[PDB]
Every structure is written in structure tokens, then in C-alpha cells.
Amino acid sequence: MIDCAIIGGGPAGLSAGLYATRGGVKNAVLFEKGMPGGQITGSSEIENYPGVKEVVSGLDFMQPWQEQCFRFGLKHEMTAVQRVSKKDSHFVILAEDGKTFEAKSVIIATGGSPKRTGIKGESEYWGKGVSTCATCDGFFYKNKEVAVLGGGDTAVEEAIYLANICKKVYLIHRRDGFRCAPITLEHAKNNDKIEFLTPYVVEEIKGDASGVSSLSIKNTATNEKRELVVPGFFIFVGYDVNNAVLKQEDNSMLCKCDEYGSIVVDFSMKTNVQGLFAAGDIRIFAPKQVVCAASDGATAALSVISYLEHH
């Protein structure tokens, strides 16, 4: 059977594959439902991966990972995994096509999904002015004006963060009330670089081939419309980790997860199930950066190597 099955081919899984195979794992298989690369391939520009000097698209950034991470014997399985289960001292991987695979160890590296809005223009402008990543994309708008959408802890915290980089932040939310921590709302309210736009909705994201240039917004109470001119629009309307593969036939989870469904790991990326590891945005307290996902992947692979030595 497979020595290590890696579920997901974003930076976490790719790095895990590289490390596992270069660490002597003889039969490592990367399961990935599309082309490996993960979420960054949706972005028109990345500049914050340490050691990579030139600013390029996310797709171009991930291109060299394909040859490199497979250079040491990693195998690809292009399929959507439906379920990972533990059976005796190994794992059973069920694919959506009905195929089954068996593995001695497993690294879950399935990432997560920012919640989207379906606002007109969102799909076209995703990654070219529409972002869900303030750390990744904020600095591209240094001394420029941007808008933020949402009323939770993430939206308000990120508005505050962006206010220290951008000239001005328009915080757009569909009610006068917010569900973030009152203390955080207090801080945002007292920041002169944040302009609250409530109760508002965004009706259209406008731009051209080079990206976003304006938002059509509307006051929900008065129906007054306005065209807000900004090159960056940050959407923080929620988030869900991709933990579907953990769900067992009896509805339980494969391994321990937190309140939000993220996989609990220790510093070795070990779950509470022997031979099961996790890496990247799927795990608790993940920073949601490529370098961090890749580090988790490496760490999980090193833990797999140690586990397989004794098993």
C-alpha cells in the first residue's frame, strides 16, 4: 500500500510531498482534484514569499513547484477524495469516483474556502483587486484608498490593519450593528482613517482588464446610491475550512477538530490519531500564508518519516 497519502496539492501538500520523498519515503502519493498550486493561483500578483524576488502571478509562482516537488519520486493521483478513514493500523482513502486506496500514513492538506458573495463582478475581479487576504495584498495599496466588506471580527480587525498602510479604508456593512468584539469596534470607530459605511450593500464591483476601479454601493435604509472609487476591495464575510474528508459514515470526525472544524495539531503537525498529520490552512491557528503552509507540510512530512521508521 501507499506509505504516505497527502490529501490536497496546495503549498502544504506540495511541500509535504517534496520533504517526504527527499526524506526517503518510497511510495508517497499526492491526491489533488485539479492542478496542484492551491488558492494563490487565483491571484494576479504575489510578492511576499521569502526568497522569491520577482513579482509574478500566483499561477506563475506555483509553476516551478510542480517540477521541483515531484523531482524526488512523488506520485500524483488526480481525484477528489471523499473520505479518509482509519482501519486497524492503516487508512482507507475513498475517492468520489468510488475507488479506494490504502495508506500507512496520511497528511491532510485540504486548505479552506473564503466565503464569496456573488456580487456582480466578483468572479472576474477575484485576485485583481478583490482580495480576502489583507497581509498578502494590503501593501499593494499603500497610501491608496480601499474598501472592506463585512461586520465580524475579521472584517473590523482587517480594516484596522489596512488603516495603518492605506490612506483611507471604507468599512462597508449591511447593518448599523456589528458582531465583532465591542472593544474592536470601539478601536475602529476611533480610527480617523476608517470611514464607516452602514447600513450598506455592494451592488457591483467595476473595473477593466487591469483590475478593480470602483464599487457601486447602496444605503439599505434610504436606498441612496454611490459610486466608491477604490482599486482594492477586501471581502471578509466568513470562512470555512475544507474538512469534508474527515466525516465518517457514522457522522463523526476522523480526528479532533476545534469549534470551527479546523484540525487540532501539535507542533509536530500530529493529530490525535496515530499516523494522521495535517498541514496548512486546514489546521488550528494557521496564518494563511504560502510560506506557513509549506512549513507545515515540511513538518508533517518529517513527522511521517519518523512514524514510518517505527511502523
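Numbering starts at 1 and runs along the sequence shown.
Asker: Would you determine, from the values in the PDB entry, which of 214-222 and 106-114 has the greater average C-alpha temperature factor?
Answerer: According to the PDB entry, the answer is 214-222.
Asker: Using only the Cα atoms and their B-factors as the entry lists them, report which of 258-266 and 271-279 averages higher.
Answerer: That would be 258-266.
Asker: If you compare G34, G42, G51, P64, which has the highest Cα B-factor in the entry?
Answerer: The listed residue with the largest C-alpha B-factor is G34.
Asker: Could you say which of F196, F233, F140, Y125 has its CA atom at the highest B factor, as listed in the PDB entry?
Answerer: Result of the comparison over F196, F233, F140, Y125: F196.
Asker: Looking at the entry's B-factor column for C-alpha atoms only, identify whether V245 ranks in the lowest, middle or highest third of its chain.
Answerer: As the PDB entry reports it, the C-alpha B-factor of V245 lands in the middle third of its chain.
Asker: Based on the entry's values, in what third of the chain does the Cα temperature factor of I205 lie: lowest, middle or highest?
Answerer: As the PDB entry reports it, the C-alpha B-factor of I205 lands in the lowest third of its chain.
Asker: Compare the C-alpha B factor of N27 with those of the other modelled residues in its chain, then answer lowest, middle or highest third.
Answerer: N27: CA B-factor falls in the middle third of its chain.
Asker: Can you tell me which third, lowest, middle or highest, the CA B-factor of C69 falls into for its chain?
Answerer: For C69, the deposited C-alpha B-factor lands in the lowest third.
Asker: Lowest, middle or highest third of the chain for the C-alpha temperature factor of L59?
Answerer: Lowest third.
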